[PDB]
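One chain comes next, on its own, written as structure tokens: the form deposited in one PDB entry.
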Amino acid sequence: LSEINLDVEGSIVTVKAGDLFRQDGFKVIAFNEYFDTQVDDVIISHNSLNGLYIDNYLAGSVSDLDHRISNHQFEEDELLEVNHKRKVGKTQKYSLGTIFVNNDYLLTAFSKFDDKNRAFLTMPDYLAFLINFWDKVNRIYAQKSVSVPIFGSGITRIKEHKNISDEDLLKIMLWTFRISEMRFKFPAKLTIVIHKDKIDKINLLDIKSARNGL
């Protein structure tokens, strides 16, 4: 079984094996809190989806995107404090769930970076990113297709849940999307794209319950 459609409180949500970059419509790439763009296996890694987007899929130079983000008008709440101590990498912190749209890609600030440029989140941070993100897309991209990976199944560490399964992350994503879409009467059309090789690990049948919040 490689695809499932579920009714989540009135909206059809699709979970399917595939390649995110082959999806038509809006595609979500998970960046870090600084919206770093330097793929040198030091800040951003070449195996991440964040570095893979920049390496082979970004339109234009990395230097052009940096200036588009630097000269972008983020809400007063989406802008955080500036880490002047950051040695290697950008300095402006952004609040999780922040979205910078770039052609048909939604670059979202997902993971945090510690003093040792390690990608991490706490479970409260993870659930808070999801709720904020789901709010922004259901509000801004109502009725538009949005395709997302399994947030946090890559190198991002969820503190104290290092062994969390992609199947648990997937259920959480559906629980938090339900909480969000239930306040919107025309939410986004959500597709969760699972890497074709990882789909054999996940039992899509263990997830259907999350469409009702359990």
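All residue numbers are counted from 1 along the displayed sequence.
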Average Cα temperature factor in the PDB entry - higher stretch of 175-183, 66-74: 66-74
Residue range whose averaged C-alpha B-factor is higher in the record, 111-119 or 126-134: 111-119
Top residue by Cα temperature factor, when 203, 14, 23, 11 are compared in the entry: 203
Residue 98 by Cα B-factor - lowest, middle or highest third of the modelled chain: middle
CA B-factor placement of residue 160, once the chain's modelled residues are sorted into thirds: lowest
B-factor third for the C-alpha atom of residue 192 within its chain: lowest
Position of residue 48 among the chain's modelled residues by C-alpha B-factor, lowest, middle or highest third: middle
Record-listed C-alpha B factor of residue 169: chain third: middle
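Below: the form deposited with a small molecule bound, not depicted.
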Non-hydrogen atom within 4.5 Å of the small molecule in the entry with it bound for each of 31, 50 and 111: yes
Residue among 150, 69, 146, 58 with a heavy atom within 4.5 Å of the small molecule in the entry with it bound: 150
Answer option from 62, 155, 164, 182, heavy atom within 4.5 Å of the small molecule in the entry with it bound: 155
Which of 111-119, 135-143, 72-80, 86-94 lines the interface with the small molecule in the entry with it bound (heavy atom within 4.5 Å): 111-119
The small molecule contact in the entry with it bound: residue 19, any heavy atom under 4.5 Å: yes
Exercise: residue 193 in contact with the small molecule in the entry with it bound, heavy atom 4.5 Å: yes
Residue 44, heavy atom within 4.5 angstroms of the small molecule in the entry with it bound: yes
